[PDB]
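A quick write-up on the structure given underneath.
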Amino acid sequence: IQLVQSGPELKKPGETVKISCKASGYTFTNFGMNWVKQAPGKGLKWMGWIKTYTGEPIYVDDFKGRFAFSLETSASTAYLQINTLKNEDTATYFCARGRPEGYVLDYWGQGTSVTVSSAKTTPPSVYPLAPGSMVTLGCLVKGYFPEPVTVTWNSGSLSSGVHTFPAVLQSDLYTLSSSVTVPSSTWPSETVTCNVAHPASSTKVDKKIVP
Amino acid sequence: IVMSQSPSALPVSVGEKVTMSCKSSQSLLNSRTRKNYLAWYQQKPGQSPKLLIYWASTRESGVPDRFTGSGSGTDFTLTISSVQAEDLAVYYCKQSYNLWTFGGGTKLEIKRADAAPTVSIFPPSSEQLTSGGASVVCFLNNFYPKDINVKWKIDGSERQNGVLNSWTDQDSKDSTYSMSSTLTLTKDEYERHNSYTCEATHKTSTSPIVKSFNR
Ligand SMILES: O=c1[nH]cnc2c1ncn2[C@@H]1O[C@H](CO)[C@@H](O)[C@H]1O
């Protein structure tokens with residue numbers, strides 16, 4: 001049994017999005033199809049289900065009006081349509097089959113990411129973070145859209161003492177920071193550079209950290 | 001029908017016994033079928049949730065034996081007899097008595113010795129200032145436990161607006177947490193003041209861990 005959902009979606013507020021979920025390996029019309037919302041760092045929220053035999057959908061109160069579950073039974077596909085998007089709609093959406101023994105969500109799709117922003121694709125500005133036994137450096141990757149950016153240090157050669165903070169979306173654009181810690185006896189003696197990529201804008205930036 | 005899980009986070013050691021609870025605002029037991037309609041799900045990062053327990057205490061096929069669910073009525077428990085590395089996840093309870101509603105989840109974390117944050121503060125770069133902006137950045141790195149607070153002061157006065165904050169998840173290598181805080185202002189605003197201060201509060205120190213730069 002497999003449930004395959006469509007790819008990630010980028011939308012501006014007001015538009016509609018339709019997500020698909022293709023099911024295989026079982027008789028589609030014998031089990032309910034469920035939709036679950038998960039905002040980036042939050043928990044799971046069951047949205048409702050649709051009876052695949054009869055096509056009737058059932059929505060929890062928070063999802064009445066703007067959301068539409070639909071089916072194409074011959075193709076074993078369930079659809080989630082979200083109309084008039086808001087920023088609060090930014091989430092991963094899972095489809096999941098309902099198994100009546102237990103009344104449980106036993107097989108899940110991989111999830112579909114939807115991001116709602118009025119931003120168009122925007123390349124980041126990359127800035128070095130230089131201070132003032134161990135020394136901590138950083139890079140600031142500021143004002144880009146959409147996710148992801150990738151950051152490595154010394155073209156990948158620097159592995160430990162590195163971590164990258166989750167991007168946050170504020171005022172429709174993302175900002176993130178990377179950190180690297182190295183022995184104070186090795187910098188600025190041995191050079192340290194952050195390599196940033198933003199695939200959506202084909203951006204590749206190498207930024208040496210200088211004192 | 002509200003599902004409530006505690007604790008919200010649970011520090012564990014590999015190999016030891018772990019218990020987490022779910023309470024419902026209303027009974028989940030069907031007298032007609034002596035059945036408690038309460039299930040447990042595991043979700044690891046980046047993955048879809050996975051069903052572990054249904055009917056309060058029936059293990060899903062394939063789920064290892066160290067997972068057991070128990071309880072009835074309104075009080076339920078998930079037990080991991082011996083916790084493995086592969087079990088660090090978020091665990092969700094979900095009732096299917098009347099509609100299907102999830103609890104808020106309990107996240108398992110690795111416990112370790114307390115560690116104070118290493119605080120670094122960074123002036124804006126010359127290249128940002130030429131653009132007109134100016135971000136001051138504070139890193140609070142490699143602390144434990146996860147709770148921390150950060151305060152910015154400009155010329156001795158607390159500043160709240162313009163502050164952006166980011167939190168890592170627990171690091172897989174040293175089991176610590178980190179925090180970044182960004183204060184964004186214009187070049188003019190930045191050049192008006194002289195003293196920039198990032199102060200951290202964490203249970204490892206009775207006083208704030210302060211770091212600053214001048215000008
Ligand atoms: O996939 C499904 N999602 C949600 N509810 C379902 C599904 N399949 C059956 N039921 C409904 O769940 C009730 C018990 O909680 C059953 O009465 C049934 O109508």
Side-chain angles (χ1 to χ4, degrees), chain A residues 1-5 19-38 43-64 67-73 75-82 91-112, chain B residues 1-4 22-31 33 35-41 43 48-58 60-61 69 71-74 76 92-103:
Chain A
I1 289 122
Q2 186 173 355
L3 270 65
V4 179
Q5 300 182 225
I19 290 124
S20 67
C21 166
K22 204 174 334 293
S24 58
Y26 71 87
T27 304
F28 188 55
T29 59
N30 286 333
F31 303 91
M33 183 55 57
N34 295 260
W35 294 90
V36 176
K37 178 183 170 173
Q38 178 158 57
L44 303 165
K45 179 62 173 171
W46 184 76
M47 275 170 92
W49 65 302
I50 172 170
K51 184 78 244 183
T52 48
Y53 223 141
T54 78
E56 334 170 275
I58 295 179
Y59 306 93
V60 317
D61 282 349
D62 314 272
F63 292 107
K64 283 166 170 89
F67 302 72
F69 317 147
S70 65
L71 308 166
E72 193 167 332
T73 51
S76 296
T77 300
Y79 294 96
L80 179 50
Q81 155 103 329
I82 308 174
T92 298
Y93 294 87
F94 302 92
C95 66
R97 167 190 103 145
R99 189 184 70 197
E101 176 215 293
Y103 299 117
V104 291
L105 298 172
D106 67 331
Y107 290 98
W108 291 66
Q110 86 274 22
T112 295
Chain B
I1 176 146
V2 176
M3 300 315 284
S4 300
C22 180
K23 278 161 231 145
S24 54
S25 63
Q26 141 181 355
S27 174
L28 308 186
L29 187 146
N30 215 12
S31 99
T33 57
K35 240 356 140 155
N36 291 274
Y37 287 100
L38 187 279
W40 288 95
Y41 299 81
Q43 187 186 29
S48 299
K50 168 167 173 82
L51 176 69
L52 297 182
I53 296 310
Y54 58 100
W55 285 338
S57 37
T58 302
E60 178 82 353
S61 200
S72 176
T74 55
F76 304 84
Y92 292 95
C93 64
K94 175 194 116 288
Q95 66 90 10
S96 41
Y97 194 61
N98 181 29
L99 313 171
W100 298 15
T101 299
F102 284 105

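By convention in this document, chain letters (A, B, ...) are assigned in the order of the sequence lines, proteins followed by strands, and residues within each chain are numbered from 1. Note that these values count all heavy atoms, side chains included, but never hydrogens, waters or copies made by symmetry. Ligands are counted one by one from 1 in listed order, and the atoms in each one are counted from 1 as well.
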Check your understanding: Taking both backbone and side-chain atoms of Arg97(A), is any N or O found less than 3.5 Å from an N or O belonging to ligand 1?
Key -> no
Near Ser96(B) (heavy-atom distance under 4.0 Å), the atoms of ligand 1 are 14 (C), 15 (O)
- request: May I ask you to decide if the ring planes of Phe28(A) and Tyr26(A) are parallel, tilted or perpendicular, using 30° and 60° as cut-offs?
  value: tilted
Identify whether the distance between the nearest side-chain nitrogen and carboxylate oxygen of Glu60(B) and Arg99(A) falls below 4.0 Å.
yes
Counting from 1 in the order shown, the ligand 1 atoms closer than 4.0 Å to a non-hydrogen atom of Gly32(A) are 1 (O)
Do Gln5(A) side-chain atoms and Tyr93(A) backbone N/O form a donor-acceptor pair below 3.5 Å? yes
Centroid-to-centroid, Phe63(A) to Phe67(A), below 6.0 Å?
yes
Worksheet item: Side-chain donor-acceptor pair under 3.5 Å between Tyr54(B) and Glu101(A), yes or no?
Response: yes
Given the options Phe94(A), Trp35(A), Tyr79(A), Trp108(A), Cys21(A) meets side-chain contact (heavy atoms from CB on, under 4.5 Å) only with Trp35(A)
In ligand 1, the atoms that come under 4.0 Å of a heavy atom of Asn34(A) are 1 (O), 2 (C), 3 (N), 4 (C)
Exercise for the section: Determine whether any heavy atom of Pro100(A) lies closer than 4.0 Å to an atom of ligand 1. Expected result: no
Considering only heavy atoms from C-beta outward, does the side chain of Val104(A) approach that of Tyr41(B) to under 4.5 Å? yes
re atom 12 (O) of ligand 1, the protein heavy-atom contact at minimum distance is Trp100(B) NE1, 3.5 Å
Nearest heavy atom to atom 9 (C) of ligand 1, choosing from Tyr37(B), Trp49(A), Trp46(A), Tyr97(B), belongs to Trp49(A)
Practice prompt. Answer yes if a protein heavy atom lies under 4.0 Å from atom 17 (O) of ligand 1, otherwise answer no.
Written response: no
| message | Below 3.5 Å, N or O to N or O, backbone or side chain included: is there any such pair between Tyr103(A) and ligand 1? | response | no
